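Text of target-v4.csv (CSV, C-alpha atoms and all ligand atoms) as supplied:
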```csv
chain,number,residue,atom,x,y,z
A,15,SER,CA,24.7,-12.2,19.4
A,16,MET,CA,23.1,-8.7,20.2
A,17,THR,CA,19.8,-8.3,18.3
A,18,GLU,CA,20.1,-6.0,15.2
A,19,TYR,CA,17.2,-4.0,13.8
A,20,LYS,CA,17.5,-2.7,10.2
A,21,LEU,CA,15.3,0.5,10.1
A,22,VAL,CA,14.4,2.6,7.0
A,23,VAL,CA,13.7,6.3,7.3
A,24,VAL,CA,11.5,7.6,4.4
A,25,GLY,CA,9.7,10.8,3.5
A,26,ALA,CA,9.8,13.8,1.2
A,27,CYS,CA,13.0,15.7,0.4
A,28,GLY,CA,13.9,18.2,3.1
A,29,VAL,CA,11.6,16.8,6.0
A,30,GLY,CA,14.7,16.0,8.2
A,31,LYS,CA,15.4,12.3,7.6
A,32,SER,CA,19.2,13.0,7.7
A,33,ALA,CA,19.0,15.5,10.6
A,34,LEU,CA,16.9,13.0,12.7
A,35,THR,CA,19.3,10.2,11.9
A,36,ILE,CA,22.5,12.3,12.6
A,37,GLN,CA,20.9,13.7,15.8
A,38,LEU,CA,20.0,10.2,17.0
A,39,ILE,CA,23.5,8.7,16.2
A,40,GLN,CA,25.9,11.6,16.7
A,41,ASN,CA,24.0,14.0,19.1
A,42,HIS,CA,24.4,17.1,16.8
A,43,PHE,CA,22.1,19.0,14.4
A,44,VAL,CA,23.2,19.2,10.7
A,45,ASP,CA,21.8,22.1,8.5
A,46,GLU,CA,23.6,21.3,5.1
A,47,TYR,CA,23.8,17.4,5.0
A,48,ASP,CA,23.9,16.6,1.2
A,49,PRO,CA,20.3,16.1,0.2
A,50,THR,CA,21.4,13.4,-2.3
A,51,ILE,CA,23.5,11.2,0.1
A,52,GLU,CA,22.0,7.9,1.1
A,53,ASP,CA,23.8,5.7,3.7
A,54,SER,CA,23.3,3.4,6.6
A,55,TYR,CA,24.2,4.5,10.2
A,56,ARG,CA,24.6,2.3,13.3
A,57,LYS,CA,24.3,2.8,17.0
A,58,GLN,CA,24.3,0.3,20.0
A,59,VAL,CA,21.5,1.4,22.3
A,60,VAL,CA,19.7,-0.1,25.3
A,61,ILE,CA,15.8,-0.1,24.9
A,62,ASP,CA,13.8,-1.3,27.9
A,63,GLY,CA,16.9,-3.1,29.3
A,64,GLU,CA,17.7,-5.0,26.0
A,65,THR,CA,20.9,-3.9,24.1
A,66,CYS,CA,20.4,-3.8,20.3
A,67,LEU,CA,22.0,-2.4,17.2
A,68,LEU,CA,20.0,0.3,15.4
A,69,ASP,CA,21.0,-0.1,11.7
A,70,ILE,CA,19.3,2.8,9.9
A,71,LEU,CA,19.0,3.5,6.2
A,72,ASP,CA,18.7,7.3,5.7
A,73,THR,CA,17.0,7.3,2.2
A,74,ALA,CA,17.7,10.1,-0.3
A,75,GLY,CA,15.4,8.8,-3.1
A,76,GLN,CA,18.1,9.0,-5.9
A,77,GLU,CA,17.7,6.8,-9.1
A,78,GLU,CA,21.1,4.9,-9.0
A,79,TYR,CA,20.9,1.2,-8.1
A,80,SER,CA,22.1,0.3,-4.6
A,81,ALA,CA,22.6,-3.3,-3.3
A,82,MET,CA,22.5,-1.8,0.2
A,83,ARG,CA,19.1,-0.1,-0.4
A,84,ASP,CA,17.7,-3.4,-1.7
A,85,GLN,CA,19.0,-5.2,1.3
A,86,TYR,CA,17.4,-2.8,3.8
A,87,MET,CA,14.1,-2.7,1.9
A,88,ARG,CA,14.0,-6.6,1.7
A,89,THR,CA,15.2,-7.3,5.3
A,90,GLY,CA,14.4,-4.1,7.2
A,91,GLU,CA,11.9,-4.7,10.0
A,92,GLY,CA,10.6,-1.2,10.6
A,93,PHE,CA,10.0,2.2,8.8
A,94,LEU,CA,10.0,5.8,10.1
A,95,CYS,CA,7.6,7.7,7.8
A,96,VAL,CA,8.6,11.4,8.3
A,97,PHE,CA,6.8,14.6,7.3
A,98,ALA,CA,7.5,18.2,8.4
A,99,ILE,CA,4.8,20.0,10.3
A,100,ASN,CA,5.4,23.1,8.0
A,101,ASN,CA,5.1,21.1,4.8
A,102,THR,CA,1.5,20.2,3.8
A,103,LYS,CA,2.8,18.3,0.6
A,104,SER,CA,5.2,16.2,2.8
A,105,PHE,CA,2.2,15.1,5.0
A,106,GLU,CA,0.0,14.4,1.8
A,107,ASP,CA,2.9,12.2,0.6
A,108,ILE,CA,2.7,9.9,3.8
A,109,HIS,CA,-0.2,7.9,2.2
A,110,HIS,CA,2.2,7.1,-0.8
A,111,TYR,CA,5.1,6.1,1.5
A,112,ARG,CA,2.9,3.7,3.4
A,113,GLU,CA,1.6,2.2,0.1
A,114,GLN,CA,5.3,1.7,-0.9
A,115,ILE,CA,6.0,-0.1,2.4
A,116,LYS,CA,2.9,-2.3,2.0
A,117,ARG,CA,4.1,-3.3,-1.5
A,118,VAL,CA,7.7,-4.0,-0.3
A,119,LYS,CA,6.5,-6.4,2.5
A,120,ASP,CA,3.2,-7.6,0.9
A,121,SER,CA,1.6,-6.8,4.3
A,122,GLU,CA,-0.8,-4.3,6.0
A,123,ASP,CA,1.0,-5.0,9.4
A,124,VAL,CA,4.5,-3.6,8.8
A,125,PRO,CA,6.1,-2.0,12.0
A,126,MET,CA,5.9,1.8,11.2
A,127,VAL,CA,5.9,5.1,13.2
A,128,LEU,CA,4.5,8.3,11.8
A,129,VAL,CA,7.0,11.2,12.6
A,130,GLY,CA,6.0,14.9,12.5
A,131,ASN,CA,9.4,16.7,12.4
A,132,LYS,CA,10.4,20.3,12.9
A,133,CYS,CA,8.1,20.8,15.9
A,134,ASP,CA,10.5,23.6,17.1
A,135,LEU,CA,9.0,25.9,14.3
A,136,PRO,CA,6.0,28.2,14.8
A,137,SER,CA,4.8,28.0,11.1
A,138,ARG,CA,2.7,24.8,11.7
A,139,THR,CA,0.5,24.0,8.7
A,140,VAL,CA,-0.2,20.3,9.7
A,141,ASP,CA,-1.8,20.2,13.2
A,142,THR,CA,-1.3,17.5,15.9
A,143,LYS,CA,-4.9,16.2,15.5
A,144,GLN,CA,-4.7,15.6,11.7
A,145,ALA,CA,-1.5,13.5,12.1
A,146,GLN,CA,-2.9,11.7,15.3
A,147,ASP,CA,-6.1,10.8,13.3
A,148,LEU,CA,-4.0,9.5,10.3
A,149,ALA,CA,-1.8,7.4,12.6
A,150,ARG,CA,-4.9,6.0,14.4
A,151,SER,CA,-6.4,5.1,10.9
A,152,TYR,CA,-3.1,3.2,10.1
A,153,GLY,CA,-2.9,1.6,13.6
A,154,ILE,CA,0.6,3.1,14.2
A,155,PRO,CA,2.2,5.5,16.7
A,156,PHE,CA,2.6,9.2,16.0
A,157,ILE,CA,5.7,11.0,17.5
A,158,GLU,CA,6.3,14.8,17.2
A,159,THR,CA,10.1,15.4,16.8
A,160,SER,CA,12.6,18.2,16.5
A,161,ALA,CA,16.0,17.1,15.1
A,162,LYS,CA,17.1,20.6,16.2
A,163,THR,CA,16.2,20.4,19.9
A,164,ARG,CA,16.2,16.5,20.2
A,165,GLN,CA,12.6,16.5,21.5
A,166,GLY,CA,11.0,13.1,20.5
A,167,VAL,CA,14.2,11.9,18.6
A,168,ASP,CA,15.0,8.8,20.8
A,169,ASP,CA,11.3,8.3,21.3
A,170,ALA,CA,10.6,8.0,17.5
A,171,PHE,CA,13.3,5.3,16.9
A,172,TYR,CA,12.8,3.5,20.3
A,173,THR,CA,9.0,3.4,19.7
A,174,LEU,CA,9.7,1.8,16.2
A,175,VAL,CA,11.9,-0.9,17.9
A,176,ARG,CA,9.0,-1.5,20.5
A,177,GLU,CA,6.6,-2.0,17.5
A,178,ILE,CA,9.0,-4.5,15.9
A,179,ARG,CA,9.3,-6.4,19.2
A,180,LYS,CA,5.5,-6.5,19.6
A,181,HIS,CA,5.2,-7.6,15.9
A,182,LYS,CA,7.7,-10.6,16.4
A,183,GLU,CA,5.7,-11.8,19.5
B,1,LIG,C1,16.1,15.6,-0.8
B,1,LIG,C2,15.9,14.3,-1.6
B,1,LIG,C3,15.0,13.3,-0.9
B,1,LIG,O1,15.1,13.2,0.3
B,1,LIG,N1,14.3,12.4,-1.5
B,1,LIG,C4,13.5,11.4,-0.7
B,1,LIG,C5,12.1,11.1,-1.3
B,1,LIG,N2,12.2,10.9,-2.7
B,1,LIG,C6,11.3,9.9,-3.3
B,1,LIG,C7,10.4,10.3,-4.3
B,1,LIG,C8,10.3,11.7,-4.8
B,1,LIG,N3,10.2,12.7,-5.2
B,1,LIG,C9,9.5,9.4,-4.8
B,1,LIG,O2,8.7,9.8,-5.6
B,1,LIG,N4,9.4,8.1,-4.3
B,1,LIG,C10,8.4,7.3,-4.9
B,1,LIG,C11,8.8,6.4,-5.9
B,1,LIG,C12,10.2,6.4,-6.5
B,1,LIG,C13,7.8,5.6,-6.5
B,1,LIG,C14,6.5,5.7,-5.9
B,1,LIG,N5,6.2,6.5,-4.9
B,1,LIG,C15,7.1,7.3,-4.4
B,1,LIG,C16,6.8,8.2,-3.2
B,1,LIG,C17,5.7,9.2,-3.7
B,1,LIG,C18,6.2,7.4,-2.0
B,1,LIG,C19,10.3,7.7,-3.4
B,1,LIG,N6,10.2,6.4,-3.0
B,1,LIG,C20,11.0,5.9,-2.1
B,1,LIG,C21,10.8,4.5,-1.7
B,1,LIG,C22,10.2,4.1,-0.5
B,1,LIG,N7,9.8,5.0,0.4
B,1,LIG,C23,10.1,2.8,-0.1
B,1,LIG,CL1,9.4,2.3,1.4
B,1,LIG,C24,10.6,1.8,-1.0
B,1,LIG,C25,11.2,2.2,-2.2
B,1,LIG,CL2,11.8,1.0,-3.2
B,1,LIG,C26,11.3,3.5,-2.6
B,1,LIG,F1,11.9,3.9,-3.7
B,1,LIG,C27,12.0,6.7,-1.5
B,1,LIG,CL3,13.1,6.0,-0.4
B,1,LIG,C28,12.1,8.0,-1.9
B,1,LIG,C29,11.3,8.5,-2.8
B,1,LIG,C30,12.9,11.8,-3.6
B,1,LIG,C31,14.2,12.3,-3.0
B,2,LIG,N1,14.1,23.9,12.4
B,2,LIG,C1,14.3,22.6,12.1
B,2,LIG,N2,15.0,22.4,10.9
B,2,LIG,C2,15.2,21.1,10.6
B,2,LIG,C3,14.7,20.0,11.4
B,2,LIG,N3,15.1,18.9,10.8
B,2,LIG,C4,15.8,19.2,9.7
B,2,LIG,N4,15.8,20.5,9.6
B,2,LIG,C5,16.4,21.3,8.5
B,2,LIG,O1,15.7,21.0,7.2
B,2,LIG,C6,16.7,20.9,6.2
B,2,LIG,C7,16.5,19.5,5.5
B,2,LIG,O2,16.9,18.5,6.5
B,2,LIG,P1,17.5,17.1,6.0
B,2,LIG,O3,17.7,16.3,7.3
B,2,LIG,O4,18.8,17.4,5.2
B,2,LIG,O5,16.3,16.6,5.1
B,2,LIG,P2,16.2,15.2,4.3
B,2,LIG,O6,16.1,15.6,2.8
B,2,LIG,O7,14.9,14.6,4.8
B,2,LIG,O8,17.4,14.4,4.7
B,2,LIG,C8,18.1,21.2,6.8
B,2,LIG,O9,18.4,22.5,6.7
B,2,LIG,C9,17.9,20.8,8.2
B,2,LIG,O10,18.7,21.5,9.2
B,2,LIG,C10,14.0,20.3,12.6
B,2,LIG,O11,13.6,19.5,13.4
B,2,LIG,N5,13.8,21.7,12.9
B,3,MG,MG,19.0,13.6,3.6
```

Would you write out, as C-alpha cells, the structure that this file holds?
Ligand SMILES: */C=C/C(=O)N1CCN(c2c(C#N)c(=O)n(-c3c(C)ccnc3C(C)C)c3nc(-c4c(N)c(Cl)cc(Cl)c4F)c(Cl)cc23)CC1
Ligand SMILES: Nc1nc2c(ncn2[C@@H]2O[C@H](COP(=O)(O)OP(=O)(O)O)[C@@H](O)[C@H]2O)c(=O)[nH]1
Ligand SMILES: [Mg+2]
Amino acid sequence: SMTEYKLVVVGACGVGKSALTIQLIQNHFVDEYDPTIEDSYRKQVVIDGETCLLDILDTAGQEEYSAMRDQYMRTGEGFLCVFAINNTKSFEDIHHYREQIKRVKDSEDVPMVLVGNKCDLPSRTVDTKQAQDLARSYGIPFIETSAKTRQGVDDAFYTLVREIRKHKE
C-alpha cells in the first residue's frame, strides 16, 4: 500500500490555513472559504520519487466534538504551524500552537514546519529574521508561502513530509 501521511494545519483565524490547503490540493486561490469549516483533504503526490497520500486536516478551531479531528490529532504525523506575515498576534500565537502539539504527542520532537503565509503582501509586520530565529529555536524548518501566488506552497507540505520521513528513520 502507498504510504499515507495525516498532516494537521493549525494557526490563528484568517492566516490562510484553508487557502494554503485548497491551493495545494486544487491549484486555485479561495478568498471566501467559510472560516468555520473544518474538513480533511487528500492528494496523491510524489515527493523525492516516493508516492504518498497527503491526508490534511484544515482546522477551524470550532467547539463542536469531531471524531475526525480526534483521529487526526491522535494519529497525525506532522503539523503545519501557520502565521500571516502581516499579523503580529498570529505570530505570537505560534508558541501556544507548538505547546498544544507537544501536549497532544507528549514529545518535544514532533515533525513540524513553521509557515509564514501571505508573503505576496507589502504590509510585513513579522520580518523573515524573527521567524527564522524562532524556527531555529524550535529546531524546525521555516517556509515563506503565498497561497495567492503558490510560492512556497508545495515546499511547505513536502518539507513537512521530509521531516516525518527523517523522524521515522
Ligand atoms: C477563523 C477561525 C479559525 O481559523 N480558528 C482556528 C484557531 N482557533 C483556535 C483558538 C482560538 N481562538 C484557540 O484558542 N485554540 C486553543 C485552544 C482551544 C486551547 C489552547 N490553546 C489554543 C491556541 C491559543 C493554541 C485552538 N487550538 C487548536 C488546537 C490545536 N492547535 C492543536 Cl495542535 C490541538 C488541539 Cl486539540 C486544538 F484545539 C486549534 Cl486547531 C484551533 C484553536 C480558533 C478558530
Ligand atoms: N494576499 C493573500 N491573502 C491570503 C493568503 N492566504 C489567505 N489569504 C486570504 O486571507 C483570508 C483568510 O484565509 P483563510 O484561508 O480562509 O484563513 P483560515 O481562517 O486560516 O482558514 C481569505 O480572504 C484569503 O483569501 C495569501 O497568501 N495572500
Ligand atoms: Mg479556514

Using only C-alpha atoms and all ligand atoms, which residues have at least one atom no more than 8 Å from ligand MG 3 (chain B)? Output them as a PDB file with C-alpha atoms, in the frame of the given file.
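Below you can see pocket.pdb, which holds the result:
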```pdb
ATOM      1  CA  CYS A  27      13.000  15.700   0.400  1.00  0.00           C
ATOM      2  CA  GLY A  28      13.900  18.200   3.100  1.00  0.00           C
ATOM      3  CA  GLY A  30      14.700  16.000   8.200  1.00  0.00           C
ATOM      4  CA  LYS A  31      15.400  12.300   7.600  1.00  0.00           C
ATOM      5  CA  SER A  32      19.200  13.000   7.700  1.00  0.00           C
ATOM      6  CA  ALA A  33      19.000  15.500  10.600  1.00  0.00           C
ATOM      7  CA  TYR A  47      23.800  17.400   5.000  1.00  0.00           C
ATOM      8  CA  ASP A  48      23.900  16.600   1.200  1.00  0.00           C
ATOM      9  CA  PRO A  49      20.300  16.100   0.200  1.00  0.00           C
ATOM     10  CA  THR A  50      21.400  13.400  -2.300  1.00  0.00           C
ATOM     11  CA  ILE A  51      23.500  11.200   0.100  1.00  0.00           C
ATOM     12  CA  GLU A  52      22.000   7.900   1.100  1.00  0.00           C
ATOM     13  CA  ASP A  72      18.700   7.300   5.700  1.00  0.00           C
ATOM     14  CA  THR A  73      17.000   7.300   2.200  1.00  0.00           C
ATOM     15  CA  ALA A  74      17.700  10.100  -0.300  1.00  0.00           C
TER      16      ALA A  74
END
```

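Excluding residue A:119 itself and same-chain residues fewer than 6 positions from it, the residues having an atom within 10 Å of it are residues 87, 88, 89, 90 and 91 of chain A, counting all atoms listed in the file.
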
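Considering all atoms listed in the file, the residue among A:81, A:170, A:22, A:44 positioned nearest to residue A:56 is A:22.
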
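Atom CA of residue A:75 sits 6.7 Å away from atom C12 of ligand LIG 1 (chain B).
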
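Checking A:172, A:149, A:60, A:25 one by one against residue A:108, counting only C-alpha atoms, you find the shortest gap at A:25.
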
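With all atoms listed in the file as the basis for measurement, A:17 is the residue among A:101, A:37, A:114, A:17 that approaches residue A:66 most closely.
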
Stretch 127-134 of chain A environment, 7 Å, only C-alpha atoms, sequence neighbours closer than 4 positions dropped, as a ChimeraX atom specification: /A:29-30,93-99,149,154-161,170,174

A:21, A:67, A:135, A:115: which is nearest ligand LIG 2 (chain B), counting all atoms listed in the file? A:135

Could you rebuild stretch 40-60 of chain A with N, CA and C atoms and give me the result as a compact mmCIF listing (two decimals), in the frame of the given file?
```txt
# COMPACT_ATOMS: atom_id res chain seq x y z
N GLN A 40 24.72 10.78 16.42
CA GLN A 40 25.90 11.60 16.70
C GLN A 40 25.65 12.76 17.65
N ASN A 41 24.39 12.98 18.02
CA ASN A 41 24.00 14.00 19.10
C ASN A 41 24.33 15.40 18.61
N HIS A 42 24.23 15.70 17.31
CA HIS A 42 24.40 17.10 16.80
C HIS A 42 23.43 17.30 15.63
N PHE A 43 23.08 18.57 15.43
CA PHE A 43 22.10 19.00 14.40
C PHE A 43 22.85 19.48 13.17
N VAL A 44 22.56 18.85 12.03
CA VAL A 44 23.20 19.20 10.70
C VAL A 44 22.14 20.04 9.90
N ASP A 45 22.62 21.11 9.27
CA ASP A 45 21.80 22.10 8.50
C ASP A 45 22.07 21.90 6.97
N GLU A 46 23.22 21.34 6.55
CA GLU A 46 23.60 21.30 5.10
C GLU A 46 24.10 19.89 4.73
N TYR A 47 23.53 18.85 5.33
CA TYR A 47 23.80 17.40 5.00
C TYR A 47 23.35 17.20 3.53
N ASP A 48 24.24 16.76 2.65
CA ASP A 48 23.90 16.60 1.20
C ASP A 48 22.57 15.98 1.03
N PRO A 49 21.58 16.70 0.43
CA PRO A 49 20.30 16.10 0.20
C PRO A 49 20.26 14.82 -0.62
N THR A 50 21.33 14.57 -1.39
CA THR A 50 21.40 13.40 -2.30
C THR A 50 22.15 12.21 -1.67
N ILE A 51 22.70 12.34 -0.46
CA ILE A 51 23.50 11.20 0.10
C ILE A 51 22.59 10.26 0.86
N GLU A 52 22.65 9.00 0.47
CA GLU A 52 22.00 7.90 1.10
C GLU A 52 23.03 6.99 1.76
N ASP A 53 22.90 6.66 3.04
CA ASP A 53 23.80 5.70 3.70
C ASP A 53 23.14 5.08 4.87
N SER A 54 23.75 4.03 5.39
CA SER A 54 23.30 3.40 6.60
C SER A 54 24.19 3.86 7.78
N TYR A 55 23.59 3.99 8.96
CA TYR A 55 24.20 4.50 10.20
C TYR A 55 23.83 3.62 11.34
N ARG A 56 24.77 3.32 12.22
CA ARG A 56 24.60 2.30 13.30
C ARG A 56 24.85 2.93 14.64
N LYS A 57 24.11 2.47 15.63
CA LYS A 57 24.30 2.80 17.00
C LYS A 57 23.86 1.67 17.91
N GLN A 58 24.68 1.29 18.89
CA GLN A 58 24.30 0.30 20.00
C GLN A 58 23.55 1.13 21.02
N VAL A 59 22.32 0.71 21.33
CA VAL A 59 21.50 1.40 22.30
C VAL A 59 20.89 0.34 23.26
N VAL A 60 20.43 0.77 24.43
CA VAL A 60 19.70 -0.10 25.30
C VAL A 60 18.23 0.43 25.37
```
